[PDB]
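*Asks:* Below is the structure I would like to discuss, written out as structure tokens.
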Amino acid sequence: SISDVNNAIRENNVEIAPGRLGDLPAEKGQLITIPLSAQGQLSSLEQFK
Amino acid sequence: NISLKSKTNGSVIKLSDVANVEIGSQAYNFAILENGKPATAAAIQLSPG
Amino acid sequence: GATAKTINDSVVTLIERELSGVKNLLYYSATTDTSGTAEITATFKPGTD
């Protein structure tokens with residue numbers, strides 16, 4: 001059904017929540033904090049196909 | 001004591017088994033040092049006019 | 001979601017475009033951190049209430 005197509009599009013093409021390695025609360029002695037992100041959104045016609 | 005239904009053997013596992021439950025701060029963004037010792041504080045800004 | 005640009009466009013750019021026409025506006029500025037929130041400060045002419 002069209003609901004299945006919409007659900008598949010929603011799942012496969014999703015936006016992942018960014019994060020920060022070293023965020024507070026943090027382990028003792030940590031000295032480096034770095035943002036981290038992931039890409040989950042499709043960008044081309046072939047990918048959607 | 002919250003019970004979770006395990007997915008490997010079907011056993012019941014307490015929430016403490018997979019996590020540590022404590023009472024902490026809602027956010028850890030800020031900290032204060034009054035005279036070189038820990039404390040808390042709030043900044044009060046005057047009303048206009 | 002941050003994206004680092006959609007905050008600038010359709011949120012900050014669109015807001016600032018409307019701000020530009022504000023009555024008795026001396027200038028305006030905006031600050032955005034890709035991690036969290038966004039701020040747009042409108043500074044008005046001296047003597048305005």
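We name chains A, B, ... following the order of the structure tokens; residues begin at 1 in each chain, and ligands are numbered from 1 as shown.
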Would you list which chain A residues are within 12 Å of chain C using only C-alpha atoms, as a ChimeraX atom specification?
*Replies:* /A:14-20,23,34-39,41
*Asks:* Residue 23 (chain C): which residues within 10 Å, counting only C-alpha atoms, same-chain residues fewer than 6 positions away excluded, as a PyMOL selection string?
*Replies:* chain C and resi 44-45+48
*Asks:* Under the rule of at most 12 Å, produce a per-residue listing of chain B near chain A: chain, number, name, the closest pair of atoms, and the distance in Å, as a Markdown table, using only C-alpha atoms.
*Replies:*
```
| residue | atom | partner | partner_atom | distance |
| --- | --- | --- | --- | --- |
| B:24 | CA | A:25 | CA | 10.1 |
| B:25 | CA | A:25 | CA | 9.7 |
| B:26 | CA | A:25 | CA | 11.0 |
| B:27 | CA | A:24 | CA | 8.7 |
| B:28 | CA | A:24 | CA | 6.0 |
| B:29 | CA | A:24 | CA | 7.3 |
| B:30 | CA | A:24 | CA | 9.8 |
| B:31 | CA | A:24 | CA | 11.2 |
```
*Asks:* List every residue of chain B that DSSP, applied to the backbone of this structure, assigns to strand (DSSP E or B), and report them as a list in words.
*Replies:*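 The residues of chain B classed as strand (DSSP E or B) are residues 3, 4, 5, 12, 13, 14, 32, 33, 38 and 39 of chain B.
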*Asks:* Can you pull out the residues contacting residue 38 (chain C)? Cut-off 8 Å, using only C-alpha atoms, and skip same-chain residues under 4 positions away; I want them as a ChimeraX atom specification.
*Replies:* /C:7,12,30-33
*Asks:* Could you give me, as a ChimeraX atom specification, the residues within 12 Å of residue 41 (chain B), counting only C-alpha atoms and dropping anything in the same chain fewer than 3 positions from it?
*Replies:* /B:30-34,38,44
*Asks:* Using DSSP secondary structure from the backbone, list all alpha helix (DSSP H) positions within chain C, as a list in words.
*Replies:*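 Selecting the alpha helix (DSSP H) positions of chain C gives residues 13, 14, 15, 16, 17, 18, 19 and 20 of chain C.
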*Asks:* Could those selected residues go to a file with C-alpha atoms, as a PDB file, in the first residue's frame?
*Replies:*
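The resulting file, selection.pdb, is reproduced below:
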```
ATOM      1  CA  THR C  13      17.889  34.779   7.078  1.00  0.00           C
ATOM      2  CA  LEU C  14      14.089  34.907   6.850  1.00  0.00           C
ATOM      3  CA  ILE C  15      13.786  36.359  10.363  1.00  0.00           C
ATOM      4  CA  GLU C  16      16.505  38.943   9.698  1.00  0.00           C
ATOM      5  CA  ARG C  17      14.863  40.023   6.438  1.00  0.00           C
ATOM      6  CA  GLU C  18      11.693  40.931   8.339  1.00  0.00           C
ATOM      7  CA  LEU C  19      13.726  42.534  11.132  1.00  0.00           C
ATOM      8  CA  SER C  20      15.402  44.828   8.597  1.00  0.00           C
TER       9      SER C  20
END
```
*Asks:* Can you work out the spacing between CA of residue 22 (chain A) and CA of residue 35 (chain B) in Å, to one decimal?
*Replies:*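 Result for CA of residue 22 (chain A) versus CA of residue 35 (chain B): 27.2 Å, one decimal.
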